[PDB]
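Convention: sequence-line order gives letters A, B, ...; per-chain numbering from 1. All heavy atoms count here, side chains included; hydrogens, waters and symmetry mates do not.
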Amino acid sequence: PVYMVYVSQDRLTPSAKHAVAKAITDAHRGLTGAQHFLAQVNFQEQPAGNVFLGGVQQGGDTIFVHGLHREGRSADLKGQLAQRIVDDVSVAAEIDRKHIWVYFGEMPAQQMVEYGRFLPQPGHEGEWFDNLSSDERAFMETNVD
Amino acid sequence: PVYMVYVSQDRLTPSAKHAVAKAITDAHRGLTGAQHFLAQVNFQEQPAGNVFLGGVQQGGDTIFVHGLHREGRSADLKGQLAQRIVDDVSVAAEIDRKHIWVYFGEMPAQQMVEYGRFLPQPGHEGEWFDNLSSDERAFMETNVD
Amino acid sequence: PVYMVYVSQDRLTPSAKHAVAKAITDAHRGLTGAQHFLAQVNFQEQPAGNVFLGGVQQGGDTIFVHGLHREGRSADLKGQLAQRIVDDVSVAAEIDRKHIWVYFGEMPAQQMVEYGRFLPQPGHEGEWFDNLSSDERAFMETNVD
């Protein structure tokens, strides 16, 4: 999937970004079974003061995570996973839970392209990894930490 | 809700950001009943000329509001809220209305988290507030301009 | 439509940005039949090192298109246009297809404003584009490449 993660500039060091990215990627693999490299975490940094809560200007502890997913998963799972992104980012970034916003949007797999291919359904990933070129299979396996 | 606002760098001074974010927040709450703090306005600045229209590179006067809403509201209300945003940002950013694009996105409340918590149905908003931690009732209350 | 293009700062010259934007804008009108000025391509630049695939940080060679459409077009049609976007962006950004991710999102036209006006259904661009206003078409007609 794709996680847009809006944050203030300089709020996270490279280690913290790599820490927040990691906890999100491990939330997702861990509750869905998705092959790691399938997850993208994409930081959007903007200057602090660009974020307003109830018309009040905020400092730089706001975190907004927008996960773009595939249709097909239960409402009980999306909650856990959202809840787990809340907890594990709160630790990884050392910011209070109450500073964290998480929305999930969903689309059908057939209008969702990753690594230049169309995606499988959620219960079809095994077929997905057993019908790609190895130039492809090699690339994605470089994208796992 | 979360309103991502895409503007060209400095088209809105820090006050002008406050006015717009105050314009979006006051259309929402006024038209839905959503408590004041519930609304985030998120400014995403980019250098001028990163925006294209029909292929024609543009200047620093485009605005695109992308609204992320809970499912469960009528189309009437949503188009009503879309117009008032166009109207009230025009006035608050002194941008001509033909520059303002507004989209609304909906997701089930059950996969949306604000202040580390899952949202209610729009028909549950007030009770949801009551049974929050008092850390949470208060941290929220501090974000109402 | 609004295409959010997520690219790293400096991966694209002003000529290359116009190349990608022309690639997206053309595919979309070619396949939907929608009038030129209706398509916006919004570049969103961030320093390299902000994108993570499988927890591994990336250089400036990742591109993410998040496309936002009216509801009403077929799955085969949506799939064809994402594929065309992959092919044509890759060429116009001299980038390799494995580095391109494409997500389409859809919403009710009745909650979609462009140029400060509401949108017709995916086939109503005639009647709509012709009873606009005095200048609404006019200001929208300059935006053709």
Got a sec, which residues hit ring-ring contact (aromatic ring centres under 6.0 Å, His included) with C:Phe37, two or more places apart in sequence or on another chain? C:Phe129
Any salt bridge between C:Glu106 and C:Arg73, counting N to O under 4.0 Å? no
Heavy atoms, side chains only, cut-off 4.5 Å: are A:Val5 and A:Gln44 in contact? no
Could you pull out all residues at least two apart from C:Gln40 that satisfy side chain to side chain donor-acceptor pair (under 3.5 Å)? none
Kindly write out the residues that satisfy side chain to side chain donor-acceptor pair (under 3.5 Å) with A:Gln9, not counting sequence neighbours, or none if the list is empty. A:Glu45
Checking B:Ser15 now: which residues fulfil side-chain contact (heavy atoms from CB on, under 4.5 Å) with it, not counting sequence neighbours? B:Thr13
Mind listing the side-chain donor-acceptor pairs of residues 19-31 of chain B below 3.5 Å, one per line with the distance, residues two or more places apart or on another chain?
{"unit_1": "B:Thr25", "atom_1": "OG1", "unit_2": "B:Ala21", "atom_2": "O", "d": "2.8"}
{"unit_1": "B:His28", "atom_1": "ND1", "unit_2": "B:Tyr3", "atom_2": "OH", "d": "2.6"}
{"unit_1": "B:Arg29", "atom_1": "NH1", "unit_2": "B:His36", "atom_2": "ND1", "d": "3.4"}

Does CD in B:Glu141 sit with more than 12 non-hydrogen atoms of other residues, nucleotides or ligands closer than 6.0 Å? yes
Suppose we screen for ring-ring contact (aromatic ring centres under 6.0 Å, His included). Which residues come up paired with B:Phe139, at least two apart in sequence or across chains? A:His99, B:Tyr115
With B:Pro14 via side-chain contact (heavy atoms from CB on, under 4.5 Å) - residues at least two apart: none
Distance only, no hydrogens: is a donor on one side chain within 3.5 Å (strictly under) of an acceptor on the other, for C:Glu71 and C:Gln121? no
So for atom NE2, which belongs to B:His124, do other residues, nucleotides or ligands contribute more than 12 heavy atoms lying within a distance under 6.0 Å? yes
Is the NZ or CZ atom of B:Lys17 positioned over B:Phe43's six-membered ring, under 6.0 angstrom from the centre and within 45° of the axis? yes
Mind checking what makes side chain to side chain donor-acceptor pair (under 3.5 Å) contact with A:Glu125, not counting sequence neighbours? none
If the condition is side chain to side chain donor-acceptor pair (under 3.5 Å), which residues does A:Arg70 pass it with, not counting sequence neighbours? none
Heavy-atom closest contact (A:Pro120 atom, A:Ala109 atom, distance): O-CB, 3.0 Å
Is it true that, when you exclude C:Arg84 itself, more than 12 heavy atoms of the residues, nucleotides or ligands shown sit nearer than 6.0 Å to its CZ? yes
Compile the donor-acceptor pairs under 3.5 Å between side chains in residues 55-63 of chain C and protein atoms, sequence neighbours left out, one pair per line.
{"unit_1": "C:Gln57", "atom_1": "NE2", "unit_2": "C:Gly49", "atom_2": "O", "d": "2.4"}
{"unit_1": "C:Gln58", "atom_1": "NE2", "unit_2": "A:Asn143", "atom_2": "OD1", "d": "3.3"}
{"unit_1": "C:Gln58", "atom_1": "NE2", "unit_2": "C:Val56", "atom_2": "O", "d": "2.4"}
{"unit_1": "C:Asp61", "atom_1": "OD1", "unit_2": "C:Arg11", "atom_2": "NE", "d": "3.0"}
{"unit_1": "C:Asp61", "atom_1": "OD1", "unit_2": "C:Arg11", "atom_2": "NH2", "d": "3.3"}

Hits for side-chain contact (heavy atoms from CB on, under 4.5 Å) against C:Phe118, two or more places apart or cross-chain, chain-then-number order -> B:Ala82, B:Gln83, C:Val113
Taking only residues two or more places apart in sequence or in another chain, which ones pass side-chain contact (heavy atoms from CB on, under 4.5 Å) with B:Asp76? B:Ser74, B:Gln80
Count the heavy atoms of every other residue, nucleotide or ligand shown that sit under 6.0 Å from CG of B:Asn131, and state whether that count exceeds 12. no
